[PDB]
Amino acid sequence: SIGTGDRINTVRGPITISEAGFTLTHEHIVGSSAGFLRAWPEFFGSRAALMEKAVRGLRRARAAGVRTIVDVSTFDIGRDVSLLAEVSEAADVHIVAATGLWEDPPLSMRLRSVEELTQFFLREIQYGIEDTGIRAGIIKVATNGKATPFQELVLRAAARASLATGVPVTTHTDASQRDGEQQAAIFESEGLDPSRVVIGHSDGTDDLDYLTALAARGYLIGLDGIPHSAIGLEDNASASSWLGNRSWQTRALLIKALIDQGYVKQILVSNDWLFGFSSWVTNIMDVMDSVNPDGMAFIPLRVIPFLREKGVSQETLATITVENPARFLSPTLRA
């Protein structure tokens, strides 16, 4: 009970590699902000309504074959690990929680040094989140174009926490700006092995030069938003820029491109779904649920059959959906 060791931390305790099964590596129960669900639960109808909706969605994902999700909600996404543990137990789906910082850190984080941030990320991996004793199994970081000075520190702190514990790093990018190239430079400057990093939102680009430049160095490629656009604060007239300019089939075909290039063991697929979403326009969930009623079951019910139709084998899809997440999540300095 003291030490990361080799099992994977979930919000209901450690699991073996063989228990993870079919794993969605980039998901959210709720996309929110620190403190917001505790301060304003009625925003979501109620906490009970959100919890019940998440249990129904995870039971639908489980019926389609999902056994684990990685909830990549950080502190500043409003991660509530008590809600994750309740939903995990009710749905009988393992949930891996995250540490790290996304793109909305408050001043009490933004003023911290790289050493202080490393202490905070290590707290959440090695000791517990808040007073719950629940430990993170992944470290989430973010850029949106060139890193801000503080995001460079977050990247470096995530590398240090990974180098101490063997827990991997998952990134948010603006893939259209090729952020993974700067993220890789910063991680490598700290000595992190690329096999401990997934460069996320990588389905937000069709640039195979960018994607293969990352995979060739050993990074995992997170094709993690297949049923929806790589969304961002476009201001002006954003709202339901949800679906995106590109079809889900176009994003899914990147999975086949990377298989065809030899990178089957470096692909991680997901929906980047959520059951509540306060860090966006009001009623965004009506739009999301009308467009993708399968929610987190979209990957197994629609993307897997589509790839089979395109000639990808069941064995190759099991490597992507079962073997890769287990190898990636199992703590190590080199996977």
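So that there is no doubt, residue numbering starts at 1 and follows the sequence shown.
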Taking the recorded C-alpha temperature factors, which stretch has the higher mean, 222 to 230 or 110 to 118? 222 to 230
Averaging the C-alpha B factors as listed in the entry, name the stretch that ends up higher: 235 to 243 or 75 to 83. 235 to 243
Highest recorded C-alpha temperature factor, please, choosing from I29, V269, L37, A64. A64
Going by what the PDB entry lists, where does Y127 fall on CA B-factor within its chain: lowest, middle or highest third? middle
Chain-relative C-alpha B factor for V169 (record values, thirds): the lowest
Splitting the chain's C-alpha B-factors into thirds, which one does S33 fall into? lowest
For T205, the third of its chain into which the C-alpha B factor falls: middle
Just say lowest, middle or highest third for the CA B-factor of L307 relative to the other modelled residues in its chain. highest
